[PDB]
file data.txt (compact mmCIF, N, CA and C atoms)
# COMPACT_ATOMS: atom_id res chain seq x y z
N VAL A 1 92.21 154.08 85.04
CA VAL A 1 91.47 154.56 86.23
C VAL A 1 91.44 156.06 86.16
N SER A 2 92.57 156.68 86.57
CA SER A 2 92.68 158.08 86.88
C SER A 2 93.93 158.09 87.70
N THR A 3 94.96 158.80 87.20
CA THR A 3 96.20 159.06 87.91
C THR A 3 96.14 160.50 88.36
N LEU A 4 95.06 161.23 87.96
CA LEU A 4 94.76 162.56 88.43
C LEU A 4 94.43 162.45 89.88
N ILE A 5 95.21 163.17 90.71
CA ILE A 5 95.17 162.97 92.12
C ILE A 5 95.50 164.35 92.66
N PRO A 6 94.97 164.74 93.82
CA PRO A 6 95.35 165.96 94.51
C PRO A 6 96.74 166.00 95.16
N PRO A 7 97.37 165.03 95.87
CA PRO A 7 98.53 165.35 96.69
C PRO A 7 99.82 165.52 95.93
N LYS A 8 99.85 165.32 94.59
CA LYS A 8 101.09 165.31 93.86
C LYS A 8 101.58 166.71 93.58
N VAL A 9 100.67 167.72 93.56
CA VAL A 9 101.02 169.11 93.38
C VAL A 9 100.46 169.70 94.64
N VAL A 10 101.33 170.41 95.40
CA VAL A 10 100.96 171.14 96.59
C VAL A 10 101.92 172.30 96.52
N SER A 11 101.50 173.49 97.02
CA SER A 11 102.28 174.69 96.85
C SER A 11 101.66 175.77 97.70
N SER A 12 101.06 175.41 98.86
CA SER A 12 100.47 176.41 99.71
C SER A 12 100.26 175.89 101.11
N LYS A 13 100.40 174.56 101.33
CA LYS A 13 100.40 173.98 102.66
C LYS A 13 101.77 173.51 102.98
N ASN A 14 102.67 173.55 101.98
CA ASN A 14 104.04 173.13 102.11
C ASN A 14 104.81 174.21 102.82
N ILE A 15 104.34 175.47 102.68
CA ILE A 15 104.84 176.61 103.41
C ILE A 15 103.81 177.06 104.42
N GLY A 16 102.58 176.48 104.38
CA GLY A 16 101.47 177.02 105.12
C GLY A 16 101.43 176.46 106.51
N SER A 17 101.12 177.34 107.49
CA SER A 17 100.86 177.12 108.90
C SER A 17 101.44 178.26 109.71
N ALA A 18 100.74 178.56 110.82
CA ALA A 18 100.90 179.70 111.71
C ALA A 18 102.18 179.88 112.52
N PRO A 19 102.95 178.90 113.02
CA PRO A 19 104.07 179.12 113.94
C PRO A 19 105.26 179.85 113.39
N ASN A 20 105.23 180.23 112.09
CA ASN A 20 106.24 181.00 111.39
C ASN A 20 106.48 182.33 112.07
N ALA A 21 105.42 183.01 112.58
CA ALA A 21 105.54 184.27 113.28
C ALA A 21 106.39 184.15 114.53
N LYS A 22 106.20 183.06 115.31
CA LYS A 22 106.96 182.74 116.50
C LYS A 22 108.39 182.42 116.15
N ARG A 23 108.58 181.71 115.01
CA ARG A 23 109.87 181.35 114.49
C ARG A 23 110.75 182.52 114.17
N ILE A 24 110.24 183.52 113.41
CA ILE A 24 111.02 184.63 112.94
C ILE A 24 111.29 185.59 114.06
N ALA A 25 110.45 185.53 115.11
CA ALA A 25 110.68 186.24 116.33
C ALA A 25 111.87 185.68 117.07
N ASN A 26 111.97 184.34 117.22
CA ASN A 26 112.94 183.75 118.13
C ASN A 26 114.26 183.41 117.48
N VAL A 27 114.39 183.52 116.14
CA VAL A 27 115.68 183.45 115.51
C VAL A 27 116.39 184.77 115.62
N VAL A 28 115.63 185.90 115.58
CA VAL A 28 116.19 187.23 115.61
C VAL A 28 116.37 187.70 117.03
N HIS A 29 115.39 187.41 117.92
CA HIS A 29 115.45 187.93 119.27
C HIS A 29 116.36 187.09 120.13
N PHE A 30 116.45 185.77 119.84
CA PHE A 30 117.11 184.87 120.75
C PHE A 30 118.17 184.15 120.00
N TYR A 31 119.40 184.60 120.27
CA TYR A 31 120.61 184.00 119.80
C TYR A 31 121.68 184.70 120.61
N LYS A 32 121.34 185.83 121.27
CA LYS A 32 122.26 186.64 122.02
C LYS A 32 121.67 186.75 123.40
N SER A 33 120.73 185.84 123.73
CA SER A 33 120.21 185.69 125.07
C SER A 33 121.00 184.57 125.69
N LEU A 34 122.35 184.74 125.69
CA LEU A 34 123.40 183.91 126.22
C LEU A 34 123.05 183.17 127.49
N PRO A 35 123.46 181.92 127.73
CA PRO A 35 122.90 181.12 128.82
C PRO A 35 123.28 181.61 130.19
N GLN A 36 124.52 182.11 130.32
CA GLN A 36 125.10 182.51 131.57
C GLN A 36 125.43 183.96 131.41
N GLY A 37 124.83 184.64 130.40
CA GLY A 37 125.18 186.00 130.06
C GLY A 37 126.55 186.02 129.45
N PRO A 38 127.24 187.14 129.49
CA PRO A 38 128.58 187.26 128.92
C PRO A 38 129.60 187.18 130.04
N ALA A 39 129.42 186.24 131.00
CA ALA A 39 130.22 186.12 132.21
C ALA A 39 130.33 187.36 133.09
N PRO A 40 129.27 187.80 133.81
CA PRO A 40 129.25 188.99 134.66
C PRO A 40 130.30 189.10 135.76
N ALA A 41 130.36 190.28 136.43
CA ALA A 41 131.30 190.60 137.48
C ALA A 41 130.83 189.98 138.78
N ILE A 42 131.74 189.22 139.44
CA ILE A 42 131.35 188.31 140.49
C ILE A 42 132.57 187.89 141.27
N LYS A 43 133.79 188.19 140.74
CA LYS A 43 135.05 187.77 141.31
C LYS A 43 136.10 188.30 140.37
N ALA A 44 136.93 189.25 140.86
CA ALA A 44 138.03 189.77 140.09
C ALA A 44 138.94 190.46 141.06
N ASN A 45 140.17 190.78 140.60
CA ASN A 45 141.17 191.43 141.42
C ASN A 45 140.96 192.92 141.29
N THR A 46 140.13 193.47 142.20
CA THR A 46 139.90 194.88 142.38
C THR A 46 139.82 195.08 143.87
N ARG A 47 139.66 193.95 144.61
CA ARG A 47 139.59 193.84 146.04
C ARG A 47 138.22 194.23 146.54
N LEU A 48 137.23 194.33 145.62
CA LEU A 48 135.86 194.54 145.99
C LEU A 48 135.00 193.68 145.11
N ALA A 49 135.56 193.11 144.01
CA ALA A 49 134.91 192.06 143.29
C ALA A 49 135.17 190.77 144.00
N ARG A 50 136.29 190.71 144.78
CA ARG A 50 136.61 189.64 145.69
C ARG A 50 135.63 189.62 146.84
N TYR A 51 135.24 190.83 147.31
CA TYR A 51 134.27 191.06 148.35
C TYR A 51 132.91 190.57 147.92
N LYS A 52 132.55 190.87 146.65
CA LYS A 52 131.34 190.45 146.00
C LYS A 52 131.29 188.96 145.86
N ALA A 53 132.45 188.34 145.57
CA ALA A 53 132.56 186.91 145.40
C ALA A 53 132.33 186.17 146.68
N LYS A 54 132.81 186.73 147.81
CA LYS A 54 132.73 186.04 149.06
C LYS A 54 131.45 186.31 149.79
N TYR A 55 130.84 187.51 149.61
CA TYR A 55 129.82 187.94 150.53
C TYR A 55 128.52 188.30 149.87
N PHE A 56 128.58 188.96 148.69
CA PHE A 56 127.42 189.60 148.11
C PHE A 56 127.10 189.00 146.78
N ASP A 57 127.46 187.71 146.61
CA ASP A 57 127.15 186.90 145.46
C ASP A 57 125.71 186.43 145.56
N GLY A 58 125.15 185.90 144.45
CA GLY A 58 123.85 185.29 144.37
C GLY A 58 123.81 184.02 145.18
N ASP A 59 124.98 183.33 145.27
CA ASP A 59 125.18 182.11 146.02
C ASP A 59 124.96 182.39 147.49
N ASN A 60 125.53 183.52 147.97
CA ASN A 60 125.43 183.96 149.34
C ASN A 60 124.02 184.42 149.63
N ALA A 61 123.54 184.08 150.85
CA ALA A 61 122.31 184.58 151.40
C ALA A 61 122.31 184.19 152.85
N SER A 62 123.36 183.44 153.28
CA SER A 62 123.56 182.97 154.63
C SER A 62 124.05 184.11 155.47
N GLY A 63 124.02 183.92 156.81
CA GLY A 63 124.22 185.00 157.75
C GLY A 63 125.67 185.33 157.98
N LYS A 64 126.61 184.52 157.43
CA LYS A 64 128.04 184.76 157.55
C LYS A 64 128.50 186.09 156.98
N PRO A 65 128.10 186.55 155.79
CA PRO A 65 128.45 187.88 155.31
C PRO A 65 127.79 188.99 156.07
N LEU A 66 126.53 188.80 156.54
CA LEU A 66 125.83 189.76 157.37
C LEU A 66 126.58 190.08 158.63
N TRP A 67 127.06 189.02 159.33
CA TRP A 67 127.89 189.09 160.49
C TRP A 67 129.17 189.84 160.22
N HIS A 68 129.84 189.52 159.09
CA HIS A 68 131.07 190.15 158.67
C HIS A 68 130.91 191.63 158.47
N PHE A 69 129.80 192.05 157.82
CA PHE A 69 129.51 193.44 157.59
C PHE A 69 129.18 194.14 158.89
N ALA A 70 128.45 193.46 159.80
CA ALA A 70 127.99 193.99 161.07
C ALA A 70 129.06 194.40 162.05
N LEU A 71 130.13 193.58 162.19
CA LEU A 71 131.14 193.70 163.23
C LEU A 71 131.95 194.98 163.17
N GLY A 72 132.11 195.52 161.94
CA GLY A 72 132.91 196.70 161.67
C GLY A 72 132.45 197.96 162.34
N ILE A 73 131.12 198.18 162.41
CA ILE A 73 130.54 199.41 162.90
C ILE A 73 130.71 199.49 164.41
N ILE A 74 130.72 198.33 165.11
CA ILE A 74 130.92 198.26 166.55
C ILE A 74 132.29 198.77 166.94
N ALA A 75 133.32 198.39 166.15
CA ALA A 75 134.68 198.80 166.38
C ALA A 75 134.91 200.22 165.94
N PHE A 76 134.02 200.73 165.05
CA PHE A 76 134.19 201.97 164.32
C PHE A 76 133.85 203.11 165.22
N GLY A 77 132.63 203.12 165.79
CA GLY A 77 132.16 204.22 166.60
C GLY A 77 132.86 204.28 167.92
N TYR A 78 133.31 203.11 168.45
CA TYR A 78 134.01 203.03 169.71
C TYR A 78 135.37 203.67 169.60
N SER A 79 136.10 203.36 168.50
CA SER A 79 137.36 203.98 168.15
C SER A 79 137.26 205.44 167.80
N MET A 80 136.18 205.86 167.09
CA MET A 80 135.96 207.22 166.63
C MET A 80 135.62 208.15 167.74
N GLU A 81 135.01 207.62 168.82
CA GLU A 81 134.88 208.29 170.08
C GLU A 81 136.22 208.61 170.66
N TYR A 82 137.17 207.64 170.64
CA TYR A 82 138.52 207.83 171.12
C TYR A 82 139.43 208.60 170.19
N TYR A 83 139.06 208.76 168.89
CA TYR A 83 139.78 209.59 167.94
C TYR A 83 139.36 211.02 168.09
N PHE A 84 138.15 211.22 168.65
CA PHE A 84 137.57 212.52 168.91
C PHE A 84 137.77 212.87 170.35
N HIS A 85 138.35 211.93 171.15
CA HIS A 85 138.55 212.11 172.56
C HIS A 85 140.03 212.51 172.67
N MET B 1 134.25 216.41 174.55
CA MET B 1 135.08 217.15 173.57
C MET B 1 134.22 217.86 172.56
N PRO B 2 134.72 218.82 171.76
CA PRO B 2 133.87 219.68 170.95
C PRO B 2 133.27 218.93 169.80
N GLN B 3 133.98 217.89 169.30
CA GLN B 3 133.62 217.14 168.12
C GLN B 3 132.43 216.27 168.45
N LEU B 4 132.30 215.92 169.76
CA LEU B 4 131.30 215.04 170.29
C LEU B 4 130.05 215.79 170.70
N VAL B 5 130.03 217.14 170.65
CA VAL B 5 128.83 217.90 170.95
C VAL B 5 128.48 218.75 169.75
N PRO B 6 127.33 218.53 169.09
CA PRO B 6 126.73 219.46 168.16
C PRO B 6 126.45 220.85 168.70
N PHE B 7 127.06 221.87 168.05
CA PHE B 7 126.73 223.27 168.15
C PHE B 7 126.87 223.80 166.74
N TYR B 8 127.40 222.93 165.85
CA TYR B 8 127.88 223.15 164.50
C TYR B 8 126.78 223.00 163.49
N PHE B 9 125.52 223.32 163.85
CA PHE B 9 124.34 223.02 163.08
C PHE B 9 124.35 223.53 161.66
N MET B 10 124.87 224.74 161.40
CA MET B 10 124.88 225.26 160.06
C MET B 10 125.82 224.51 159.15
N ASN B 11 126.99 224.08 159.68
CA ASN B 11 127.95 223.23 159.00
C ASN B 11 127.38 221.87 158.69
N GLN B 12 126.79 221.25 159.75
CA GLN B 12 126.15 219.96 159.78
C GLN B 12 125.10 219.81 158.73
N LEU B 13 124.22 220.83 158.63
CA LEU B 13 123.08 220.83 157.76
C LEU B 13 123.53 220.90 156.32
N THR B 14 124.73 221.49 156.06
CA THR B 14 125.30 221.54 154.72
C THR B 14 125.56 220.12 154.28
N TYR B 15 126.21 219.31 155.16
CA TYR B 15 126.56 217.93 154.88
C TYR B 15 125.33 217.06 154.77
N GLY B 16 124.26 217.42 155.50
CA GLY B 16 123.02 216.70 155.50
C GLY B 16 122.29 216.82 154.20
N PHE B 17 122.15 218.07 153.68
CA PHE B 17 121.39 218.31 152.48
C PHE B 17 122.13 217.84 151.27
N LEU B 18 123.48 217.82 151.32
CA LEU B 18 124.30 217.26 150.27
C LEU B 18 124.05 215.79 150.08
N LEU B 19 123.91 215.01 151.19
CA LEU B 19 123.68 213.59 151.08
C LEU B 19 122.37 213.29 150.43
N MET B 20 121.32 214.07 150.77
CA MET B 20 119.99 213.89 150.25
C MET B 20 119.87 214.15 148.78
N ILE B 21 120.50 215.24 148.30
CA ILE B 21 120.47 215.63 146.91
C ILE B 21 121.17 214.59 146.07
N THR B 22 122.30 214.04 146.60
CA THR B 22 123.08 213.03 145.92
C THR B 22 122.27 211.79 145.72
N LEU B 23 121.60 211.31 146.79
CA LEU B 23 120.76 210.14 146.72
C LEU B 23 119.56 210.33 145.83
N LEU B 24 118.95 211.54 145.80
CA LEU B 24 117.74 211.81 145.06
C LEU B 24 117.95 211.65 143.59
N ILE B 25 119.01 212.30 143.07
CA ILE B 25 119.44 212.21 141.70
C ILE B 25 119.87 210.80 141.38
N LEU B 26 120.61 210.15 142.32
CA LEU B 26 121.21 208.85 142.14
C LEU B 26 120.18 207.79 141.92
N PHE B 27 119.15 207.74 142.78
CA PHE B 27 118.00 206.89 142.59
C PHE B 27 117.30 207.21 141.30
N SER B 28 116.96 208.50 141.08
CA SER B 28 116.08 208.90 140.02
C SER B 28 116.63 208.57 138.66
N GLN B 29 117.92 208.84 138.41
CA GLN B 29 118.51 208.65 137.11
C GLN B 29 119.18 207.31 136.96
N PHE B 30 119.74 206.72 138.04
CA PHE B 30 120.59 205.56 137.88
C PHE B 30 119.84 204.33 138.28
N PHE B 31 119.39 204.21 139.55
CA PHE B 31 119.15 202.90 140.09
C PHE B 31 117.72 202.49 139.90
N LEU B 32 116.76 203.43 140.01
CA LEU B 32 115.36 203.21 139.70
C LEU B 32 115.11 202.87 138.24
N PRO B 33 115.73 203.51 137.25
CA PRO B 33 115.54 203.11 135.87
C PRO B 33 116.26 201.82 135.57
N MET B 34 117.28 201.45 136.38
CA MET B 34 118.02 200.22 136.21
C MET B 34 117.28 199.03 136.73
N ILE B 35 116.38 199.21 137.72
CA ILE B 35 115.52 198.16 138.23
C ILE B 35 114.39 197.99 137.25
N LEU B 36 113.98 199.11 136.60
CA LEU B 36 112.91 199.09 135.65
C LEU B 36 113.38 198.44 134.37
N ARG B 37 114.71 198.48 134.12
CA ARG B 37 115.37 197.80 133.03
C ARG B 37 115.26 196.30 133.16
N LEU B 38 115.43 195.76 134.40
CA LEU B 38 115.26 194.36 134.71
C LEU B 38 113.85 193.89 134.47
N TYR B 39 112.87 194.71 134.91
CA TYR B 39 111.46 194.41 134.83
C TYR B 39 111.00 194.32 133.40
N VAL B 40 111.41 195.30 132.57
CA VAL B 40 111.02 195.39 131.18
C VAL B 40 111.60 194.25 130.39
N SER B 41 112.86 193.86 130.70
CA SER B 41 113.54 192.79 130.00
C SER B 41 112.93 191.45 130.27
N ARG B 42 112.56 191.20 131.55
CA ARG B 42 111.88 190.02 132.00
C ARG B 42 110.55 189.87 131.31
N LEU B 43 109.82 191.00 131.13
CA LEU B 43 108.52 191.05 130.52
C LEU B 43 108.56 190.81 129.03
N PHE B 44 109.64 191.23 128.32
CA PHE B 44 109.76 191.01 126.89
C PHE B 44 110.14 189.59 126.61
N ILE B 45 110.93 188.97 127.52
CA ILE B 45 111.24 187.56 127.48
C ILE B 45 110.00 186.75 127.74
N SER B 46 109.13 187.24 128.65
CA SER B 46 107.85 186.63 128.95
C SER B 46 106.96 186.66 127.74
N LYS B 47 107.02 187.77 126.97
CA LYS B 47 106.24 187.96 125.77
C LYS B 47 106.61 187.00 124.67
N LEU B 48 107.91 186.70 124.47
CA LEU B 48 108.30 185.78 123.43
C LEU B 48 108.64 184.44 124.09

call {"tool": "encode", "arguments": {"input": "data.txt", "output": "structure tokens"}}
result
Amino acid sequence: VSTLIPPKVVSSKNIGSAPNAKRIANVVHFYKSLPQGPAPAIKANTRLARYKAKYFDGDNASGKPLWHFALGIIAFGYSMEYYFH
Amino acid sequence: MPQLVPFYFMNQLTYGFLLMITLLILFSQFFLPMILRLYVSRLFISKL
């Protein structure tokens, strides 16, 4: 018949196709785009990372920290009047 | 009491202009470019 056939030698579609550009981009750019980052500051013993943990975290958005922050100034100016009195 | 009545305007204004200069530099060099850092990073992630 003919055993001469096209698919037995290929050497340009075996490496050929466009998504290679996207590939070489995302192996180099993305491997240090860590899922949770490198564990950021959110709670630690400094006594203000604790403050961040309780009040000013991403989790927080409820009015409880707002209230907590608010109450201080009321006591502050009233006392400071009497510290200046 | 004296502390409770402003007459101390020249002293006061010293403390006033100090706060402004501090914030102006602080925003300009630190916090505004740091917000722009978030924006640029988000956009490059958007790009790839």

call {"tool": "closest_residue", "arguments": {"input": "data.txt", "among": "B:36, B:23, B:13, B:48", "to": "chain A", "atoms": "only N, CA and C atoms"}}
result
B:48

call {"tool": "interface_residues", "arguments": {"input": "data.txt", "of": "chain B", "to": "chain A", "cutoff": "7 Å", "atoms": "only C-alpha atoms", "output": "list in words"}}
result
residues 1, 3 and 4 of chain B

call {"tool": "atom_distance", "arguments": {"input": "data.txt", "atom1": "CA of residue 2 (chain B)", "atom2": "atom C of residue 82 (chain A)"}}
result
12.4 Å

call {"tool": "atom_distance", "arguments": {"input": "data.txt", "atom1": "CA of residue 56 (chain A)", "atom2": "atom N of residue 27 (chain B)"}}
result
20.6 Å

call {"tool": "atom_distance", "arguments": {"input": "data.txt", "atom1": "CA of residue 44 (chain B)", "atom2": "CA of residue 28 (chain A)"}}
result
13.5 Å

call {"tool": "select_by_dssp", "arguments": {"input": "data.txt", "residues": "chain A", "states": "helix (DSSP H, G or I)", "output": "PyMOL selection string"}}
result
chain A and resi 20-28+49-54+63-83

call {"tool": "axis_aligned_box", "arguments": {"input": "data.txt", "around": "region 17-31 of chain B", "padding_each_side": "6 Å", "output": "AutoDock Vina command-line options"}}
result
--center_x 120.2 --center_y 210.4 --center_z 145.3 --size_x 20.2 --size_y 27.8 --size_z 28.7

call {"tool": "residues_around", "arguments": {"input": "data.txt", "residues": "region 66-71 of chain A", "least_positions_apart": "4", "cutoff": "12 Å", "atoms": "only C-alpha atoms", "output": "mmCIF file with N, CA and C atoms, in the coordinates of the input"}}
result
data_model
loop_
_atom_site.group_PDB
_atom_site.id
_atom_site.type_symbol
_atom_site.label_atom_id
_atom_site.label_comp_id
_atom_site.auth_asym_id
_atom_site.auth_seq_id
_atom_site.Cartn_x
_atom_site.Cartn_y
_atom_site.Cartn_z
ATOM 1 N N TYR A 51 135.240 190.830 147.310
ATOM 2 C CA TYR A 51 134.270 191.060 148.350
ATOM 3 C C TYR A 51 132.910 190.570 147.920
ATOM 4 N N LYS A 54 132.810 186.730 147.810
ATOM 5 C CA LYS A 54 132.730 186.040 149.060
ATOM 6 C C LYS A 54 131.450 186.310 149.790
ATOM 7 N N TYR A 55 130.840 187.510 149.610
ATOM 8 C CA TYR A 55 129.820 187.940 150.530
ATOM 9 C C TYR A 55 128.520 188.300 149.870
ATOM 10 N N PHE A 56 128.580 188.960 148.690
ATOM 11 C CA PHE A 56 127.420 189.600 148.110
ATOM 12 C C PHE A 56 127.100 189.000 146.780
ATOM 13 N N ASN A 60 125.530 183.520 147.970
ATOM 14 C CA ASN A 60 125.430 183.960 149.340
ATOM 15 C C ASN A 60 124.020 184.420 149.630
ATOM 16 N N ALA A 61 123.540 184.080 150.850
ATOM 17 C CA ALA A 61 122.310 184.580 151.400
ATOM 18 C C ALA A 61 122.310 184.190 152.850
ATOM 19 N N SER A 62 123.360 183.440 153.280
ATOM 20 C CA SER A 62 123.560 182.970 154.630
ATOM 21 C C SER A 62 124.050 184.110 155.470
ATOM 22 N N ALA A 75 133.320 198.390 166.150
ATOM 23 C CA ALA A 75 134.680 198.800 166.380
ATOM 24 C C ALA A 75 134.910 200.220 165.940
ATOM 25 N N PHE A 76 134.020 200.730 165.050
ATOM 26 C CA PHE A 76 134.190 201.970 164.320
ATOM 27 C C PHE A 76 133.850 203.110 165.220
ATOM 28 N N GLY A 77 132.630 203.120 165.790
ATOM 29 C CA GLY A 77 132.160 204.220 166.600
ATOM 30 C C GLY A 77 132.860 204.280 167.920
ATOM 31 N N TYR A 78 133.310 203.110 168.450
ATOM 32 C CA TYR A 78 134.010 203.030 169.710
ATOM 33 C C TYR A 78 135.370 203.670 169.600
#

call {"tool": "decode", "arguments": {"input": "data.txt", "residues": "region 4-32 of chain B", "atoms": "N, CA and C atoms", "output": "compact mmCIF listing (two decimals), in the first residue's frame"}}
result
# COMPACT_ATOMS: atom_id res chain seq x y z
N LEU B 4 -7.99 76.68 80.41
CA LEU B 4 -9.28 76.52 79.80
C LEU B 4 -9.66 77.73 78.98
N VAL B 5 -8.86 78.83 78.98
CA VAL B 5 -9.14 79.98 78.14
C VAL B 5 -7.95 80.23 77.24
N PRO B 6 -8.07 80.10 75.92
CA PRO B 6 -7.12 80.62 74.95
C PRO B 6 -6.83 82.11 75.04
N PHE B 7 -5.54 82.44 75.26
CA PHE B 7 -4.95 83.75 75.08
C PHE B 7 -3.58 83.48 74.49
N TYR B 8 -3.22 82.17 74.45
CA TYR B 8 -1.94 81.57 74.17
C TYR B 8 -1.76 81.32 72.70
N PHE B 9 -2.35 82.15 71.82
CA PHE B 9 -2.46 81.92 70.40
C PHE B 9 -1.15 81.67 69.69
N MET B 10 -0.06 82.37 70.05
CA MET B 10 1.20 82.17 69.38
C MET B 10 1.80 80.82 69.68
N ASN B 11 1.66 80.34 70.94
CA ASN B 11 2.05 79.02 71.38
C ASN B 11 1.26 77.93 70.68
N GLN B 12 -0.08 78.11 70.70
CA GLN B 12 -1.10 77.27 70.13
C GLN B 12 -0.87 77.00 68.68
N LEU B 13 -0.57 78.06 67.91
CA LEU B 13 -0.42 78.02 66.49
C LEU B 13 0.83 77.26 66.12
N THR B 14 1.85 77.23 67.03
CA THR B 14 3.06 76.47 66.83
C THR B 14 2.68 75.01 66.78
N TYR B 15 1.85 74.55 67.75
CA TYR B 15 1.41 73.17 67.86
C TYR B 15 0.50 72.79 66.72
N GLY B 16 -0.26 73.78 66.20
CA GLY B 16 -1.18 73.58 65.11
C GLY B 16 -0.48 73.31 63.82
N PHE B 17 0.54 74.13 63.48
CA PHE B 17 1.22 74.00 62.21
C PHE B 17 2.13 72.81 62.20
N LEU B 18 2.63 72.39 63.38
CA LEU B 18 3.39 71.17 63.51
C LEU B 18 2.59 69.95 63.15
N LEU B 19 1.30 69.88 63.58
CA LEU B 19 0.47 68.73 63.28
C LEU B 19 0.23 68.60 61.80
N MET B 20 0.00 69.74 61.12
CA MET B 20 -0.27 69.77 59.70
C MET B 20 0.87 69.33 58.85
N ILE B 21 2.10 69.80 59.17
CA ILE B 21 3.30 69.48 58.44
C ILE B 21 3.59 68.01 58.57
N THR B 22 3.36 67.44 59.78
CA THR B 22 3.59 66.04 60.07
C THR B 22 2.70 65.19 59.22
N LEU B 23 1.39 65.51 59.19
CA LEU B 23 0.43 64.78 58.40
C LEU B 23 0.68 64.90 56.91
N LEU B 24 1.14 66.08 56.42
CA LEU B 24 1.32 66.34 55.01
C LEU B 24 2.37 65.45 54.42
N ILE B 25 3.54 65.39 55.08
CA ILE B 25 4.65 64.54 54.74
C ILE B 25 4.25 63.10 54.89
N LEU B 26 3.51 62.77 55.98
CA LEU B 26 3.15 61.42 56.36
C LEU B 26 2.28 60.77 55.32
N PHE B 27 1.22 61.47 54.89
CA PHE B 27 0.40 61.06 53.78
C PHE B 27 1.21 60.93 52.52
N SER B 28 1.96 62.00 52.17
CA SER B 28 2.59 62.11 50.87
C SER B 28 3.60 61.01 50.63
N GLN B 29 4.46 60.71 51.61
CA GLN B 29 5.52 59.75 51.44
C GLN B 29 5.14 58.37 51.87
N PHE B 30 4.27 58.21 52.90
CA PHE B 30 4.06 56.91 53.49
C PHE B 30 2.77 56.32 53.02
N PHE B 31 1.62 56.97 53.29
CA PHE B 31 0.38 56.22 53.32
C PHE B 31 -0.30 56.26 51.99
N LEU B 32 -0.24 57.39 51.26
CA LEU B 32 -0.71 57.51 49.89
C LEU B 32 0.03 56.62 48.91
